[PDB]
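Novice: before the rest arrives, take these chain(s) from the complex:
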Amino acid sequence: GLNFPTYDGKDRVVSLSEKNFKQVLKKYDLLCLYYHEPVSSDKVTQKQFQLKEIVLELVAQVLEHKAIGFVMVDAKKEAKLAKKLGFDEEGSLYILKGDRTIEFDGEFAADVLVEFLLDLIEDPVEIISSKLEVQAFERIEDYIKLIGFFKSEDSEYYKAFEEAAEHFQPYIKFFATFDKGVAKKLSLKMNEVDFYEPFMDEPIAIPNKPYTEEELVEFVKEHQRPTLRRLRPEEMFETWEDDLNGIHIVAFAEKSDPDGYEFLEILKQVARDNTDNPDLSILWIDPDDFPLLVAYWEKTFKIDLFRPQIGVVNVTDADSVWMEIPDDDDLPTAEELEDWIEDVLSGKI
């Protein structure tokens, strides 16, 4: 007798090969495929291997929904002999069809991975319309956004918006927009495209005429940064790989808290009151969950966990410094905020 929500009976999804993979690829819309070797390793390896097989076939067998061809690229074989098929190394959860195909070197767990399954099989992006969707336009205070007024469901600019969103599954936001109501409320003069800031919700319009792939992918990949960065599931290490510095400049303040709302909105008060402030963008860990990595940061970001924290980590070997003189659990913020941001305070340590 198993448990809940443990797998349904037997591990049935597929570790496979070429012909199957091609028939089923051209049949399917989502293909979650990890490439792996013929694994037979040491003691400490087959444990994470077994947990990998288990989160895999648990999410799979517990799903059996219309979306995924699932599990493994068996080894080296025909991919290698074509070139490597233009792939990565001995491991990656490459997901097919998405854009054409995309990677997965994100983090491994249930809630996150099924979240990925659904919100990625979106097919395509965010259709907004009603007055309550006018509210949806002035709703998201969390992410960086990209709205656009368009002409049809089967439209040229609509298509560009779709395949550019699937090129940017990364994350951020993609509002497909219609009608004179939100047209008059938003006010961008024509059926165009408009970017938007996380908090300090600004319509940063994309400002020419018609716009295409590398142009709006230009606005997105060029200006994905702004002021504070909300860190999430895989988004911490993935914004590490998305161009860092070496100094992990973090604001560590969990939500459901005074320190969360106050830290968040005093740095974001520096954003929304000092619109510019280009001291390079500060990041935001705010531990509600992800406590394993919050334990990793409890020992490696010295000894800190449930406090109003803020500081930097010099990646490896040396140090991981934070807030010190001042501190106070009920922090001095305000102009002290203006300082200790505006260069850890202008003057160094």
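Specialist: Perfect, thanks for sending it. Residues are numbered from 1 along each chain as shown, chains lettered A, B, ... in the order given.
Novice: could I get the buried residue list for whichever strand or helix holds residue A:260?
Specialist: Assigned by DSSP states H and E, residue A:260 belongs to helix A:258-273. Residues of helix A:258-273 classed as buried: A:259-260, A:262-264, A:266-272 (neighbour count, 16 or more other CB atoms under 10 Å). Using the backbone N, CA and C atoms, a C-beta is placed for each residue, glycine as well.
Novice: helices and strands around that helix, which ones?
Specialist: Where contact means 3 or more CB pairs under 8 Å, 6 or more residues apart in numbering; DSSP states H and E, helix A:258-273 is packed against strand A:228-230, strand A:247-252, helix A:334-345.
Novice: cutoff 6 Å now
Specialist: With contacts defined as 3 or more CB pairs under 6 Å, 6 or more residues apart in numbering; DSSP states H and E, helix A:258-273 has no helix or strand neighbours.
Novice: so what touches it?
Specialist: Applying CB atoms under 6 Å, 6 or more residues apart in numbering, the set of residues contacting helix A:258-273 from outside is A:199-200, A:227-228, A:251, A:253-254, A:277, A:286, A:308, A:333, A:337, A:341.
Novice: just the buried members of the residues you listed?
Specialist: A:199-200, A:227-228, A:251, A:253-254, A:277, A:286, A:308, A:333, A:337, A:341.
Novice: residue A:327: which of these is nearest?
Specialist: Relative to residue A:327, the closest of those is residue A:308; by CB to CB it sits at 8.4 Å.
Novice: how far away is the closest one from residue A:337?
Specialist: Distance from residue A:308 to residue A:337, counting by CB to CB, to the nearest Å: 11 Å.
Novice: tell me where the stretch 101-250 of chain A has strands.
Specialist: Here the stretch 101-250 of chain A has its strands, by DSSP state E, counting those that start in this stretch, at A:101-102, A:126-128, A:145-149, A:175-177, A:193-196, A:203-206, A:228-230, A:247-252.
Novice: mind putting these in TSV, distance to residue A:134 included?
Specialist: Shown next, in TSV, are those (distance: least, CB to CB, whole Å):
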stretch	distance to residue A:134
strand A:101-102	32
strand A:126-128	8
strand A:145-149	11
strand A:175-177	10
strand A:193-196	14
strand A:203-206	13
strand A:228-230	24
strand A:247-252	32
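Novice: and these: which comes nearest residue A:86?
Specialist: Short answer: strand A:101-102, nearest of the strands of the stretch 101-250 of chain A by CB to CB, at 9.5 Å.
Novice: how far does that closest one sit from its chain's centre?
Specialist: 15 Å (CA atoms, centre = their mean, to the nearest Å).
Novice: okay, now the sheet partners of that strand, with direction.
Specialist: Strand A:101-102 sits in its sheet next to strand A:93-96 (antiparallel), going by DSSP bridges.
Novice: how about the partner strand as PDB, C-alpha atoms only?
Specialist: Output in PDB follows, covering the C-alpha atoms of strand A:93-96 (Å, rounded to 0.1, in the frame of the first residue of the first chain):
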ATOM      1  CA  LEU A  93      16.400  18.500 -19.200                       C
ATOM      2  CA  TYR A  94      15.900  19.600 -22.700                       C
ATOM      3  CA  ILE A  95      12.200  20.400 -23.400                       C
ATOM      4  CA  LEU A  96      11.200  20.100 -27.100                       C
END
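Novice: contacts for it next, please.
Specialist: By CB under 6 Å, 6+ apart, the list of residues contacting strand A:93-96 reads A:25, A:31-34, A:102, A:104.
Novice: cutoff 10 Å now
Specialist: A:21, A:24-26, A:28-36, A:52, A:56, A:68-69, A:72-73, A:85, A:87-88, A:101-106, A:108, A:113, A:116-117, A:120, A:169 (CB atoms under 10 Å, 6 or more residues apart in numbering).
Novice: which of the residues you listed are buried? Put it as a PyMOL command.
Specialist: A single PyMOL command selects the buried members of the contacts of strand A:93-96 (16+ other CB under 10 Å):
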select buried, chain A and resi 21+28+30+31+32+33+34+35+36+52+56+68+69+72+73+87+102+104+113+116+117+120+169
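Novice: quick one: which of the contacts of strand A:93-96 sit in helices?
Specialist: Mapping the contacts of strand A:93-96 onto helices (DSSP state H) picks out A:21, A:24-26, A:52, A:56, A:113, A:116-117, A:120.
Novice: add one more, call it chain B:
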Amino acid sequence: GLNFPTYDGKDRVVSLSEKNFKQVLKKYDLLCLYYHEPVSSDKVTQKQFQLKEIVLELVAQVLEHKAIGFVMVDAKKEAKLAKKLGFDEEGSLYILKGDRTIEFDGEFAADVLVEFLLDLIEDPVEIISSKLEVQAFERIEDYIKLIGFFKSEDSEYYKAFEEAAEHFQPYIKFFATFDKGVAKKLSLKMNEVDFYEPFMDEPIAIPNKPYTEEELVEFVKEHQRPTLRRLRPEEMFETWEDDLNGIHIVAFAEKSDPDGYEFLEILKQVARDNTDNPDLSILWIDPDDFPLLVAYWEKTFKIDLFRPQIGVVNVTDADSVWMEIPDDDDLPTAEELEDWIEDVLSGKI
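Specialist: One more chain to add, chain B, which I have set with the ones above:
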């Protein structure tokens, strides 16, 4: 070579017995102990057993923090021979010291369980003080709250608040409060105790003089309900066991959405505009995570997942009905809301 955050080297926390358990109990502050049998079962059982050992010793070994004596009550033995020691059956994650000892028949996963570890080792409850903690008083729009103005850190009423909060680890909220600032803002005439609604944030003062254990445990356990109920990790099945009906009256509307904010605040508009409305309290599933059980509700609550849903489940065998005629993905809410709440609309189906 293991992975991240996979366990540190070897599974070292303890499946033990009496003398050890007593020395270490009287030494420790948190004891996370599951009682189990000498397990040697069939094929489908030892899988969830292995995943149980693995989430267990993963959170443990990856923690090694100052809090827990950890893992297993080996079998029947001295507990049984004393009586059963006044325990449950062959299984429960009984956690010692907490109140004196408390259960755990909640859900099993990392983020949730470490969240439990920290927020339960709180030791004691929520000390609020500053003007930013005046903001903390008018901050939580999510939970049901219990503030109280007190006299000292080592105070009588303070103690009652502590051990009553640990009696109610259940959940809700517990604000220990001081000083004339939030005293004048809150205005309850003396150093007393005050309850508070989730949304429609109301100071429902606890209205006599001094108050004790079974009196404020009376206000809490008697009036923990109000209007809409935010469902969470274990809180769905645990508010099933916390007195249900049979009809699982749910509002199914995920956040990051028009349907989330609109459903949430139109039923909560019925709360905040119709202060009373005692049609018995409606619940609130809003799937950001917990997608396994959202899959369980995708097949068992008929066929629904990422929509503006709302309806009931007649527990077992028969049916699980929801919103039908009207529906619309951009819902008719307003007076239609007033109906389809105020008895699935007054008139039955």
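Novice: and what packs on helix A:258-273, now that chain B is in?
Specialist: strand A:228-230, strand A:247-252, strand A:282-285, strand A:309-314, helix A:334-345, helix B:131-137 (3 or more CB pairs under 10 Å, 6 or more residues apart in numbering or on different chains; DSSP states H and E).
Novice: export these as a markdown table, with columns for distance to residue A:303.
Specialist: Converted to a markdown table, those look like this (distance: least, CB to CB, whole Å):
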| stretch | distance to residue A:303 |
| --- | --- |
| strand A:228-230 | 24 |
| strand A:247-252 | 12 |
| strand A:282-285 | 16 |
| strand A:309-314 | 11 |
| helix A:334-345 | 19 |
| helix B:131-137 | 24 |
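Novice: closest one to residue B:323 among the ones you listed?
Specialist: strand A:228-230 (32.7 Å).
Novice: mind listing the strands that closest one pairs with, and their directions?
Specialist: By DSSP bridges, strand A:228-230 pairs with strand A:282-285 (parallel).
Novice: what does the partner strand rub up against?
Specialist: A:198, A:227-232, A:235-236, A:239-240, A:244, A:248-254, A:260, A:263-264, A:267-268, A:270-271, A:293-294, A:297, A:301, A:309-310, A:312, A:341 (CB atoms under 10 Å, 6 or more residues apart in numbering or on different chains).
Novice: please name the nearest non-neighbouring residue to residue A:109.
Specialist: Excluding the flanking residues, the one nearest residue A:109 by CB to CB, 6 or more residues apart in numbering or on different chains is residue A:55, at 6.6 Å.
Novice: burial of the one you found, as a residue count?
Specialist: Residue A:55 has 15 neighbours, counted by other CB atoms under 10 Å in any protein chain shown.
Novice: for the closest residue to residue A:5 other than its chain neighbours, what are phi and psi?
Specialist: The shortest distance from residue A:5 to any non-neighbouring residue, by CB to CB, 6+ apart, is to residue B:292 (3.9 Å). Here is the backbone geometry of residue B:292 (degrees, to the nearest 10): phi -70, psi -50.
Novice: residue B:238 versus residue B:292, what's the distance?
Specialist: Distance from residue B:292 to residue B:238, by CB to CB: 17 Å.
Novice: and for residue A:29?
Specialist: 37 Å.
Novice: what do you get for residue A:37?
Specialist: Distance from residue A:37 to residue B:238, by CB to CB: 44 Å.
Novice: what of residue A:72?
Specialist: Residue A:72 is 38 Å from residue B:238, by CB to CB.
Novice: ok, residue A:1 - contacts?
Specialist: Counted by CB under 10 Å, 6+ apart, residue A:1 has contacts B:41-45, B:48.
Novice: how about 8 Å then?
Specialist: Contacts for residue A:1 (CB atoms under 8 Å, 6 or more residues apart in numbering or on different chains) come out as B:41-42, B:44-45.
Novice: got it, and residue A:253?
Specialist: Contacts of residue A:253 by CB under 8 Å, 6+ apart are A:259-260, A:262-264, A:284-286, A:308-310.
Novice: 7 Å instead, please
Specialist: The contact partners of residue A:253, by CB atoms under 7 Å, 6 or more residues apart in numbering or on different chains, come to A:259-260, A:263-264, A:286, A:308-309.
Novice: please apply the same query to residue A:225.
Specialist: Applying CB under 7 Å, 6+ apart, the residues near residue A:225 are residue A:281.
Novice: what about the nearest residue to residue A:322 once chain neighbours are set aside, how many neighbours?
Specialist: Once flanking residues are discounted, residue A:322 sits nearest to residue A:311: 2.8 Å by CB to CB, 6+ apart. Neighbour count of residue A:311, defined by other CB under 10 Å: 20.
Novice: hang on, residue A:311 packs against residue A:327?
Specialist: No: using CB atoms under 7 Å, residue A:311 is not in contact with residue A:327; the gap is 10.6 Å.
Novice: how close does residue A:238 sit to residue A:298?
Specialist: 21 Å.
Novice: for residue A:72, that is, sorry about that
Specialist: Distance from residue A:72 to residue A:298, by CB to CB: 35 Å.
Novice: so which residues on chain A come close to chain B?
Specialist: Residues of chain A lying near chain B by CB under 7 Å from any CB of the partner chain: A:1-3, A:5-6, A:44-45, A:47-48, A:51, A:54, A:62-63, A:110-111, A:114-115, A:118, A:129-130, A:132-133, A:135-136, A:139, A:258, A:261-262, A:289-293, A:295-296, A:306, A:330.
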